[PDB]
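> The structure is given below, and queries will be raised subsequently.
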Amino acid sequence: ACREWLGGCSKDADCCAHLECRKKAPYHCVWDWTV
């Protein structure tokens, strides 16, 4: 599940890479340097 930015997510291992799962719903990948 290598979800890209705003592709959604379920893991906190930054889903795909250089990301993070938005700990506030809707849960989706955001850049570790953004949001």
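Per Swiss-Prot, chain A residues shown: 51-85, in order.
According to its header, this structure was worked out by solution NMR.
Positions of Cβ are set from backbone N, Cα and C atoms, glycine also.
Pulled these features from Swiss-Prot for this protein:
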type     : residues    : note
DISULFID : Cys52-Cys66 : disulfide bond
DISULFID : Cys59-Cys71 : disulfide bond
DISULFID : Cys65-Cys79 : disulfide bond
> Could you tally the C-beta atoms, other than its own, that fall within 10 angstroms of the C-beta of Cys79 (disulfide bond)?
24
> Using a 10 Å radius around each Cβ and all protein chains in view, which of these disulfide-bonded residues has the most neighbours: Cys59, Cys66?
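Of the disulfide-bonded residues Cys59, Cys66, the highest Cβ count within 10 Å belongs to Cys59.
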> When you tally the Cβ atoms that lie within 10 Å of each candidate's Cβ, which of the disulfide-bonded residues (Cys52, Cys65, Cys71) has the highest tally?
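For the disulfide-bonded residues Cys52, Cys65, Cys71, the Cβ with the most other Cβ atoms within 10 Å is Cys65.
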> From the disulfide-bonded residues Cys59, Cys65, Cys71, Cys79, pick the residue whose C-alpha lies nearest to the C-alpha of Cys52 (disulfide bond).
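Nearest in space to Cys52 (disulfide bond), counting only the disulfide-bonded residues, is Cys65.
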> Between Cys59 (disulfide bond) and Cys79 (disulfide bond), find the distance joining the two CA atoms and give it rounded to the nearest Å.
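Roughly 6 Å, rounded to the nearest whole number.
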> Express the distance between the Cα positions of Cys65 (disulfide bond) and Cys71 (disulfide bond) as a whole number of Å.
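Distance between the two Cα atoms comes out at 7 Å.
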